[PDB]
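**Q**
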Amino acid sequence: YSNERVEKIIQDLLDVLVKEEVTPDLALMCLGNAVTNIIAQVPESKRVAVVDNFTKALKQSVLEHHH
Amino acid sequence: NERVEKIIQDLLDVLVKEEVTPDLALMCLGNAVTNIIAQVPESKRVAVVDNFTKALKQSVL
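Chains as they are written, first to last, in the authors' numbering: chain A, 7 to 73; chain B, 9 to 69.
Rendered as structure tokens:
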């Protein structure tokens, strides 16, 4: 995927939240539900692995972005 | 609420609109989430990511 497409999609996702003036807690409740909705779109035999990779990468990125 | 439901749907509409792949979808959602967590106090980030991940792992099973 082109960095451009990926970047634009992320920004479109964040715009929805900014537009709604949500707090971080609410923003996360919504994104988490969104993610669960997507993972239910992949085969049941790949869901645990996919969620595990998603979370691992997520945590790693979160630890790395502490100033 | 389900002002949550409305928001959740607005988020998924973006992905549908871009005709995205599940993997591309997850890659974008993840980046979105990291961006949000960077908006909370550092002293709370690990706990937040852990609870967020635990939630997903429980809802997938």
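The beta carbon of each residue, even a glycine, is placed where N, CA and C say it ideally should be.
Can you give me the C-alpha to C-alpha distance between B/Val68 and B/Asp31, rounded to a whole angstrom?
**A** The residue labelled residue 68 of chain B in the question sits at position 60 within the second sequence. The residue labelled residue 31 of chain B in the question sits at position 23 within the second sequence. Computed Cα separation, rounded: 16 Å.
**Q** Quick one: which chain B residues come within Cβ less than 7 Å of A/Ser67?
**A** Within the first sequence, numbered from 1, the residue matching residue 67 of chain A stands at position 61. Correct list: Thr42.
**Q** Within 10 Å of its beta-carbon, does B/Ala55 have 16 or more other beta-carbons around it, so buried, or fewer, so exposed?
**A** To locate residue 55 of chain B, count along the second sequence from 1; it is residue 47. With fewer than 16 Cβ atoms within 10 Å of its Cβ, B/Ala55 is classed as exposed.
**Q** Within its chain, find whatever has a CB closer than 8 Å to the CB of A/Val48; leave out the 5 residues flanking it on each side and keep chain order.
**A** In the first sequence, residue 48 of chain A corresponds to position 42, counting from 1. Answer for A/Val48: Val56, listed in chain order.
**Q** Compare the beta carbon distance of A/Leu23 and B/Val41 with 8 Å and say whether it is the shorter of the two.
**A** In the first sequence, counting from the first residue as 1, residue 23 of chain A sits at position 17. In the second sequence, counting from the first residue as 1, residue 41 of chain B sits at position 33. Cβ distance not < 8 Å, so A/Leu23 and B/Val41 don't count as in contact.
**Q** Using a Cβ-Cβ cutoff of less than 6 Å, which residues in the same chain neighbour B/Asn9 once the five nearest sequence positions on both sides are dropped?
**A** Position 1 of the second sequence, counted from the first residue, corresponds to residue 9 of chain B. There are no such residues.
**Q** Quick check on DSSP: helix, strand or coil for residue 5 of chain B?
**A** Here chain B has residues from 9 to 69 only, and residue 5 of chain B is not among them.
**Q** I need the DSSP call for B/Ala55, collapsed to helix, strand or coil.
**A** For the purposes of this step, residue 55 of chain B is taken as residue 47 along the second sequence, with counting starting at 1. The answer is helix: DSSP assigns B/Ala55 an H, G or I state.
**Q** Using a cut-off of 9 Å between C-beta atoms, extract the partners of B/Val24 located in chain A.
**A** Numbered from 1 along the second sequence, position 16 holds the residue referred to as residue 24 of chain B. Those do not exist, as B/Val24 stays about 11 Å from chain A at its closest Cβ, beyond 9 Å.
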